[PDB]
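> Protein chains in written order, with this note's numbering: chain D, 45 to 385; chain Z, 41 to 389.
Heads up, the beta-carbon is just placed ideally off N, CA and C, and yes, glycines get one too.
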Amino acid sequence: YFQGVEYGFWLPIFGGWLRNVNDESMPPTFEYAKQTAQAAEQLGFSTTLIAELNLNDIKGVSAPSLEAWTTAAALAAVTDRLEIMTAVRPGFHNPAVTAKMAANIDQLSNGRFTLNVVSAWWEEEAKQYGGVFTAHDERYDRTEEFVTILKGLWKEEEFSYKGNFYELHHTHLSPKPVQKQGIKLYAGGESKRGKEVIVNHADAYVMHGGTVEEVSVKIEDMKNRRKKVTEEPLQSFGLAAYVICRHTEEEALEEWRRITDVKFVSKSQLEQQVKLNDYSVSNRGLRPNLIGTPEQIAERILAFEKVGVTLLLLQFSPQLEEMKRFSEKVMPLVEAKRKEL
Amino acid sequence: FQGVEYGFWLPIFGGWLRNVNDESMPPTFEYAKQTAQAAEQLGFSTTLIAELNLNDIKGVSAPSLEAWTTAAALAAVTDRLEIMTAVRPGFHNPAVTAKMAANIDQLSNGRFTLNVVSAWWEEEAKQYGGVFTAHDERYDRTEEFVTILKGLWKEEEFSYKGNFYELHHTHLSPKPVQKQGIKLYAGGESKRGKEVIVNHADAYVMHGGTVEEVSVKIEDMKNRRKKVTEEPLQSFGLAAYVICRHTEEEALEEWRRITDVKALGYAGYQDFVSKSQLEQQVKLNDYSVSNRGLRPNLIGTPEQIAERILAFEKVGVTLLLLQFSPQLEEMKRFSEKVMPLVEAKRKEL
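(1) What does DSSP give as the partner residues of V132(D) in its beta bridges?
(2) Less than 8 Å between the CB atoms is what I'm expecting for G48(D) and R382(D), so what's the real figure, rounded?
(3) Pick helix, strand or coil for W61(D), following the three-state DSSP scheme.
(4) Does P336(Z) come within less than 9 Å of chain D when only Cβ atoms are used?
(5) State buried or exposed for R290(D), treating a residue as buried only when at least 16 other CB atoms are found within 10 Å of its CB.
(6) Any beta carbon of chain Z sitting closer than 9 Å to that of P362(D)?
(7) Alpha carbons only, please: which of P366(Z), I345(Z), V355(Z) is nearest the one belonging to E383(Z)?
(8) Can you check whether the C-beta of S85(Z) is within less than 9 Å of a C-beta belonging to chain D?
(9) Which term fits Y184(D), buried or exposed, when burial requires 16 or more other beta carbons within 10 angstroms of its beta carbon?
(10) Excluding sequence positions up to five away, which residues of its chain have a Cβ less than 6 Å from the Cβ of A90(Z)?
(11) Does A77(D) have its Cβ less than 9 Å from a Cβ in chain A?
(12) Check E177(Z) in the structure and name its three-state DSSP category.
(13) Using a C-beta to C-beta distance shorter than 9 Å, which residues of chain Z count as neighbours of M375(D)?
(14) Output the residue ranges of the beta strand (DSSP E) runs that lie fully inside the region 188-237 of chain Z and measure 3 residues or longer, sorted by chain position.
(15) In whole angstroms, give me the CA-to-CA distance for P366(Z) and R335(Z).
(16) Hey, how far is the Cα of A248(D) from the Cα of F131(Z)?
(17) Between the C-alpha atoms of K206(D) and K215(Z), what's the straight-line distance to the nearest angstrom?
(18) DSSP has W49(Z) in a bridge; who is on the other side?
(19) Please list the partners that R369(D) has in chain Z, where partner means a Cβ-to-Cβ separation under 7 Å.
(20) Please state whether the Cβ-Cβ distance between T80(D) and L364(D) is less than 9 Å.
(21) So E45(Z) and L278(Z) are supposed to be a Cβ contact under 8 Å. How far apart are they, rounded?
(22) What residues from chain Z crowd round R125(D), counting only those whose CB sits closer than 7 Å?
(23) Interface residues of chain Z around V122(D) at Cβ under 9 Å?
(24) To be precise: take each residue of the region 339-362 of chain D, compare its Cβ to all Cβ atoms of chain Z, and keep it if any distance is under 7 Å. Which residues remain?
(25) Which word fits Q82(D), buried or exposed, when buried means at least 16 other C-beta atoms lie within 10 angstroms of its C-beta?
(26) Is there a Cβ from chain Z that is less than 9 Å from the Cβ of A83(D)?
(27) What does the alpha-carbon distance come out to for the pair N155(Z) and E388(Z)?
(28) Closer than 8 Å: is that where the CB of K262(D) sits relative to any heavy atom of the ligand COA?
(29) So that I know if they touch, is there some Cβ in chain Z lying closer than 9 Å to that of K383(D)?
(30) Rounded C-beta distance between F74(D) and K103(D)? I'm assuming under 8 Å.
(31) Applying the 10 Å Cβ sphere with the 16-neighbour rule, what's the burial state of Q167(Z)?
(32) Contact criterion: CB-CB distance below 9 Å. Does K223(Z) meet it with respect to chain D?
(33) Tell me, please, whether the region 193-210 of chain D touches the region 247-262 of chain D by the rule of three or more beta-carbon pairs shorter than 8 Å.
(34) Less than 9 Å between the C-beta atoms of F89(D) and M367(D), yes or no?
(35) Considering only the alpha carbon of each residue, which of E234(D), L55(D), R269(D), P277(D) lies closest to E127(D)?
(36) Excluding five sequence neighbours on each side, which residues of the same chain lie with their C-beta closer than 6 Å to the C-beta of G232(D)?
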């Protein structure tokens with residue numbers, strides 16, 4: 045078939061992606077986000093993920109950062125085909141207001157609004173922004189309720205709910221989303237409890253960076269669990285990755301050295317410096333190893349596609365320029381290699 | 041990878057110069073292929089293949105390559121070059137064209153684009169069965185033409201009834217590689233032309249102009265487009281012919297050579313032609329190279345050419361569509377000498 049991996053990108057909302065570099069020529073403005081998003085649509089990217097944080101965890105708590113939900117709404121209004129996946133943390137949100145905001149954006153975008161339900165917690169951010177803390181055990185319980193409420197409000201003419209964290213009586217919501225089965229819910233999480241929520245309540249699974257072998261195991265495990273459960277198959281498997289594409293491997297590696305200088309180490313040492321890689325680039329972006337020539341990156345993308353990855357959630361820096369490079373040099377090679385016999 | 045993309049016209053007419061005869065540019069697929077394969081190693085990202093059934097540079101009986109078969113052949117032997125191919129609605133069946141286009145995009149792995157051309161050469165139409173349309177309804181035909189293309193690339197089953205074409209429950213498979221379809225560039229200066237571009241095309245291309253003319257043309261097009269949609273035009277393309285030389289004087293001398301229209305007992309008078317005079321010989325410039333190539337004035341040293349490109353980039357040009365002669369060798373010079381200066385001058389500015 046003509047039906048392979050989708051290319052998604054993280055919407056640049058923090059003024060850059062790199063903890064170790066100061067200026068990446070990525071202004072933290074809506075204009076830059078919009079420009080990047082409108083170009084991505086021309087270049088073959090199908091989806092953007094908009095992270096939700098009240099504080100800039102790449103450049104520092106006092107560094108400027110765009111707000112997720114209002115950025116999503118504004119971006120929906122100025123795009124026409126991009127899927128706009130927006131992160132939501134239950135502890136910073138009221139589920140009934142959120143279900144309404146969500147339907148509204150889905151309506152004004154004609155069906156392009158989706159959610160990434162995040163149950164991670166940054167304590168410092170919670171204390172600054174009035175997050176409701178839940179004990180680590182009970183955190184995924186809250187997510188469960190929150191998500192049950194969203195789905196109910198999107199489906200039912202009248203919805204009531206009684207649980208441990210929320211209570212609603214005869215709530216009406218109109219209009220409903222454009223998406224006929226509710227707004228698509230992506231979700232991630234590594235814990236046993238976290239994975240139960242994905243399995244039982246999410247429409248799709250997203251993960252942070254891993255090797256092709258690690259990702260294969262997680263996708264296969266997850267597919268198996270999901271068969272033992274009364275929902276339809278998971279609709280996507282998303283992998284976070286940071287891409288360094290250069291004409292030669294050696295130039296790629298020199299960029300890798302640059303972005304991991306804390307603000308000549310060899311290939312093998314770069315590949316083994318896990319702690320520093322993780323610090324230097326969020327979501328374990330470097331671990332998928334999309335670092336090299338277009339040829340190498342294309343082969344590697346294809347290996348991820350074979351073990352079940354259906355969507356890449358890519359970061360680049362400087363973002364707009366590096367996305368253009370990726371569309372021109374990597375994408376045609378992925379197509380060609382998939383058609384090879 | 042930021043600011044201006046470098047494109048080039050695929051050499052399909054045996055040269056670019058109407059006043060000069062041997063440019064060392066054979067009118068063959070082999071030389072076109074050789075140019076495109078080298079371009080891909082020299083920092084060029086796009087080629088534009090003109091569509092004409094007759095050679096409007098070297099004469100109607102001089103050899104010229106046909107656009108669509110050349111595009112398909114070139115796609116098969118390149119890897120990264122965007123292959124922008126011109127298409128005149130009056131010479132084409134929109135449904136068959138949508139199908140050809142999808143087929144080239146698939147075998148190119150997503151690199152095929154179109155330049156929708158609504159200009160019309162009457163002698164060519166008569167010689168080649170091109171369907172005449174009234175000056176006013178020429179762009180009506182184009183509008184219907186592109187609506188059918190985009191419809192067939194997007195929908196499982198597409199129907200259309202209009203003034204020029206009618207289709208019933210049309211299927212087309214496979215679709216283009218990317219879901220958005222196939223990028224449509226378009227040119228045109230008339231009010232009616234501009235409306236069609238802004239309402240139905242994805243990008244705008246222009247014949248040569250001064251920085252000031254191009255700045256006005258672009259700003260106007262941005263305004264027209266904004267009134268109709270939030271999605272901007274994806275590129276602003278500008279044709280230019282490049283004469284890069286180590287000294288300005290040598291560049292001026294090549295400019296003189298290629299616009300010199302004189303052996304019928306005619307030397308001329310006031311024979312020494314100045315820089316000022318070369319700049320102002322609009323009609324002779326327009327005849328000597330196509331698409332007003334000389335009017336952007338990319339003529340001089342590597343430094344002068346780089347500053348002028350930056351000036352074009354500042355008023356919104358995103359893509360240059362370059363001609364040179366002899367093309368292969370001059371592209372190599374442009375890549376070695378101009379491109380780095382453009383990179384350096386941007387960064388410090």
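The structure says:
(1) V161(D)
(2) 6 Å
(3) coil
(4) no
(5) buried
(6) yes
(7) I345(Z)
(8) yes
(9) buried
(10) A126
(11) Protein chains D and Z are contained in the structure displayed, whereas chain A is not.
(12) coil
(13) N149, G150, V217, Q218
(14) 198-201, 206-210, 224-226
(15) 19 Å
(16) 48 Å
(17) 49 Å
(18) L88(Z)
(19) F41
(20) yes
(21) Contact flag wrong, Cβ pair sits at about 11 Å.
(22) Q220
(23) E270, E271
(24) none
(25) buried
(26) yes
(27) 35 Å
(28) The ligand COA is absent from the structure shown, which contains no ligand whatsoever.
(29) yes
(30) That belief does not hold up - the Cβ atoms of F74(D) and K103(D) are roughly 17 Å apart, past 8 Å.
(31) exposed
(32) yes
(33) no
(34) yes
(35) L55(D)
(36) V250, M251
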